[PDB]
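Engineer: My structure is below; once you've seen it, I'll send some questions.
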Amino acid sequence: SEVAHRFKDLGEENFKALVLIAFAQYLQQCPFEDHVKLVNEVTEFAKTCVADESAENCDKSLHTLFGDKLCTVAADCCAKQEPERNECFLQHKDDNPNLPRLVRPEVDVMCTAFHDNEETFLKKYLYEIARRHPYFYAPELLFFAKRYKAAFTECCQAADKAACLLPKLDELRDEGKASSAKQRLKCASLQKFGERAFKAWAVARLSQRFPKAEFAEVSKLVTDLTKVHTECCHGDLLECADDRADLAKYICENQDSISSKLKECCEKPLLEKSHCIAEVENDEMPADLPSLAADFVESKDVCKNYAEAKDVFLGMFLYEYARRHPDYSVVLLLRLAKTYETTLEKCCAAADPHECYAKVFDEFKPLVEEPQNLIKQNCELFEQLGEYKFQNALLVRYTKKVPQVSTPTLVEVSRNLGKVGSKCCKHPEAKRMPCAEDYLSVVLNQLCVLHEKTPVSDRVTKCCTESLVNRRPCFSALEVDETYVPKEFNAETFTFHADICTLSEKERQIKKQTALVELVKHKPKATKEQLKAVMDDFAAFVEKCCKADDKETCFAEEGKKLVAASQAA
């Protein structure tokens, strides 16, 4: 029995949690009650299997059971069987589910709901997150859950809860979105580029983090970590959680051989231990390390070793270059590794290989300076405009690049892209690139998966599928879509009402930003000069109309003077 197996390993509390997340991630539209019911029904059945490991259908695989339980409340997917049936659901997960924005009642109500029924109050949190983020890294979601419980348990019994809770919840909201983003990239890689791509990223990233570890050790870690994520992303949540625990034990047992910063981590609860390890800082770089050129460019055995085991050889190249360059982004290292390989492929077919591949590091110089200059420039620009204006500059740039993309998606993506300025520019040159470019990777991955749902821009498709590691330079190289046909104005699109006034300070900018997007789609060729000059106007429309007697019509009157002056510029 597979169900009994995992039940013992995870226990009842986690098992029930993981199954709920799984159901919430497959059927995101179904209500909380229905999942709660199915979970229990499933959970009890599991209990009968622990005892009689051959009772009803305890022999069946997880998918079969999970599939049959969901198929009692859904249709074509359920018509299929075992493999095809499961893949069916996986292809139907919605990255942008049409769910009602989530608003949180007053502090008083929450605490009451939490104190009254604790188990319910948390199952709903899980439920509401899992259905909105169908790819959220399950094991890590149980971590946020406990952290969420700790929030209420502490803040509901204080002087001013509003002051104690609201903040901690905001910190959880953001970090949860960050987490969801990083994981979405990991699944995309596995699913759209194959495990080989994922492994390389893991080699380089892990080699940067565990510099003292041996290639064979990293290789072992990478292999396991790969299976973990391969399972989570494919919906095998139980086994993913299982395998992720094992990996944590292993890393802790073998600390000394891996890293010296894993101490603090291994001295705490499971969920905290896993989370800790996955975010540990890079270990100090080993003192006396030979020069790379030695075994990789000067040696005369290059081509031969390359021939014998291309995979291990290139893997070793990556590990060696990555370990001594924590100042490089994972994508740069991988670009370097691709340059190296391409060079051996052509050079090892020449008369005198050595001569041909003797100056490979001169090919590296350009690749290393591009990111640096890009980052140096844009942070200077950021330092000058602030986050709001920078986001605007980004909205103008990205809409001109890929005008077909939906306004909701461009707004979302550009705002996030702007946050990279705030998150990374503060760091010194040394840690700027990892920060900047790996973050850009995450954010452009969102653009790519949202877009894939309804493709409308071949330029996006090409930049998203051509190469995982070159996505950023691909997009950065785009200027303005010269074949794009300007849109024709729509009264409704530029009609600002008083309902703006009730909206938060942010929900406003978001409105003004959405208008800037629409404007640029109408006037691609427009200039950053005119754009500004028009934005400030909109600012005026808001302050007036919003504070001028009983006027829900000023929105039509003040808005008329708006579009009028708008159609002029």
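Naming works like this for the structure tokens: A, B, ... for the chains as they're shown, residue 1 at the start of each chain, ligands 1 onward in shown order.
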Using only C-alpha atoms, tabulate the residues of stretch 222-250 of chain A lying at most 10 Å from any atom of stretch 132-154 of chain A, each with its closest atom pair and that distance in Å to one decimal, by chain and increasing residue number, as JSON lines.
Structural biologist:
```
{"residue": "A:229", "atom": "CA", "partner": "A:137", "partner_atom": "CA", "distance": 8.3}
{"residue": "A:232", "atom": "CA", "partner": "A:137", "partner_atom": "CA", "distance": 6.7}
{"residue": "A:233", "atom": "CA", "partner": "A:135", "partner_atom": "CA", "distance": 6.5}
{"residue": "A:234", "atom": "CA", "partner": "A:135", "partner_atom": "CA", "distance": 9.1}
{"residue": "A:235", "atom": "CA", "partner": "A:135", "partner_atom": "CA", "distance": 8.6}
{"residue": "A:236", "atom": "CA", "partner": "A:138", "partner_atom": "CA", "distance": 9.9}
{"residue": "A:237", "atom": "CA", "partner": "A:138", "partner_atom": "CA", "distance": 6.6}
{"residue": "A:238", "atom": "CA", "partner": "A:138", "partner_atom": "CA", "distance": 9.0}
{"residue": "A:240", "atom": "CA", "partner": "A:139", "partner_atom": "CA", "distance": 7.7}
{"residue": "A:241", "atom": "CA", "partner": "A:139", "partner_atom": "CA", "distance": 5.4}
{"residue": "A:242", "atom": "CA", "partner": "A:139", "partner_atom": "CA", "distance": 9.0}
{"residue": "A:244", "atom": "CA", "partner": "A:139", "partner_atom": "CA", "distance": 7.8}
{"residue": "A:245", "atom": "CA", "partner": "A:139", "partner_atom": "CA", "distance": 9.1}
```
Engineer: Taking 4 positions as the minimum chain separation for residues in the same chain, which residues sit within 12 Å of residue A:341 when counting only C-alpha atoms? Answer as an mmCIF file with C-alpha atoms, in the first residue's frame.
Structural biologist:
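result_22.cif written:
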```
data_model
loop_
_atom_site.group_PDB
_atom_site.id
_atom_site.type_symbol
_atom_site.label_atom_id
_atom_site.label_comp_id
_atom_site.auth_asym_id
_atom_site.auth_seq_id
_atom_site.Cartn_x
_atom_site.Cartn_y
_atom_site.Cartn_z
ATOM 1 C CA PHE A 296 40.588 23.456 -19.026
ATOM 2 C CA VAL A 297 42.521 25.437 -21.664
ATOM 3 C CA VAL A 302 40.928 18.632 -23.100
ATOM 4 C CA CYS A 303 39.324 17.212 -26.232
ATOM 5 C CA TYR A 306 35.561 15.979 -23.389
ATOM 6 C CA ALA A 307 35.095 13.001 -25.698
ATOM 7 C CA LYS A 310 31.128 15.283 -22.179
ATOM 8 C CA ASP A 311 28.596 15.477 -19.355
ATOM 9 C CA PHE A 313 33.567 17.117 -18.026
ATOM 10 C CA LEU A 314 31.301 20.108 -18.642
ATOM 11 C CA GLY A 315 29.721 19.512 -15.271
ATOM 12 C CA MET A 316 33.169 19.766 -13.769
ATOM 13 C CA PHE A 317 33.896 22.937 -15.683
ATOM 14 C CA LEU A 318 30.746 24.536 -14.314
ATOM 15 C CA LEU A 334 25.636 28.866 -17.530
ATOM 16 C CA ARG A 335 26.219 31.188 -20.497
ATOM 17 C CA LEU A 336 29.936 30.770 -19.998
ATOM 18 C CA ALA A 337 29.544 26.991 -19.831
ATOM 19 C CA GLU A 345 32.632 21.071 -30.208
ATOM 20 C CA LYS A 346 34.208 23.084 -33.017
ATOM 21 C CA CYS A 347 37.831 23.161 -31.808
ATOM 22 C CA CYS A 348 38.111 19.423 -31.044
ATOM 23 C CA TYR A 357 40.579 26.525 -28.012
ATOM 24 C CA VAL A 360 38.381 30.715 -24.997
#
```
Engineer: Mind checking which residues fall within 6 Å of stretch 487-502 of chain A, counting only C-alpha atoms, ignoring those fewer than 3 positions away in the same chain, and posting them as a ChimeraX atom specification?
Structural biologist: /A:522,546,552,555
Engineer: Could those residues be written to a file, using N, CA, C and O atoms, as a compact mmCIF listing (two decimals), in the first residue's frame?
Structural biologist:
```txt
# COMPACT_ATOMS: atom_id res chain seq x y z
N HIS A 522 -1.45 53.22 -27.82
CA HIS A 522 -2.12 54.07 -28.80
C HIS A 522 -1.09 54.94 -29.49
O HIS A 522 -1.29 55.34 -30.63
N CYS A 546 -11.98 64.06 -7.18
CA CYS A 546 -12.09 63.37 -5.88
C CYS A 546 -12.45 64.26 -4.68
O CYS A 546 -12.97 63.77 -3.67
N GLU A 552 -19.98 62.79 -9.01
CA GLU A 552 -19.69 61.45 -9.50
C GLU A 552 -19.73 61.67 -11.00
O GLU A 552 -19.45 60.78 -11.79
N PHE A 555 -16.35 63.10 -12.97
CA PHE A 555 -15.64 62.02 -13.63
C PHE A 555 -15.89 62.06 -15.13
O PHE A 555 -15.03 61.67 -15.93
```
Engineer: Could you give me, as an MDAnalysis selection string, the residues within 9 Å of residue A:415, counting only C-alpha atoms and dropping anything in the same chain fewer than 3 positions from it?
Structural biologist: chainID A and resid 387:388 390:392 394:395 410:412 418:419 510
Engineer: Enumerate, in order of chain and increasing residue number, the residues of stretch 379-462 of chain A with an atom no farther than 12 Å from stretch 470-473 of chain A, each with its shortest atom pair and distance in Å to one decimal, counting only C-alpha atoms, as JSON lines.
Structural biologist:
```
{"residue": "A:417", "atom": "CA", "partner": "A:472", "partner_atom": "CA", "distance": 11.6}
{"residue": "A:436", "atom": "CA", "partner": "A:472", "partner_atom": "CA", "distance": 10.8}
{"residue": "A:437", "atom": "CA", "partner": "A:472", "partner_atom": "CA", "distance": 7.8}
{"residue": "A:438", "atom": "CA", "partner": "A:472", "partner_atom": "CA", "distance": 9.5}
{"residue": "A:439", "atom": "CA", "partner": "A:472", "partner_atom": "CA", "distance": 10.3}
{"residue": "A:440", "atom": "CA", "partner": "A:472", "partner_atom": "CA", "distance": 6.9}
{"residue": "A:441", "atom": "CA", "partner": "A:472", "partner_atom": "CA", "distance": 6.8}
{"residue": "A:442", "atom": "CA", "partner": "A:472", "partner_atom": "CA", "distance": 10.2}
{"residue": "A:443", "atom": "CA", "partner": "A:472", "partner_atom": "CA", "distance": 9.9}
{"residue": "A:444", "atom": "CA", "partner": "A:472", "partner_atom": "CA", "distance": 7.4}
{"residue": "A:445", "atom": "CA", "partner": "A:471", "partner_atom": "CA", "distance": 8.7}
{"residue": "A:446", "atom": "CA", "partner": "A:471", "partner_atom": "CA", "distance": 12.0}
{"residue": "A:447", "atom": "CA", "partner": "A:471", "partner_atom": "CA", "distance": 11.0}
{"residue": "A:448", "atom": "CA", "partner": "A:471", "partner_atom": "CA", "distance": 9.7}
{"residue": "A:459", "atom": "CA", "partner": "A:471", "partner_atom": "CA", "distance": 11.3}
{"residue": "A:460", "atom": "CA", "partner": "A:471", "partner_atom": "CA", "distance": 9.6}
{"residue": "A:461", "atom": "CA", "partner": "A:471", "partner_atom": "CA", "distance": 10.5}
{"residue": "A:462", "atom": "CA", "partner": "A:471", "partner_atom": "CA", "distance": 9.2}
```
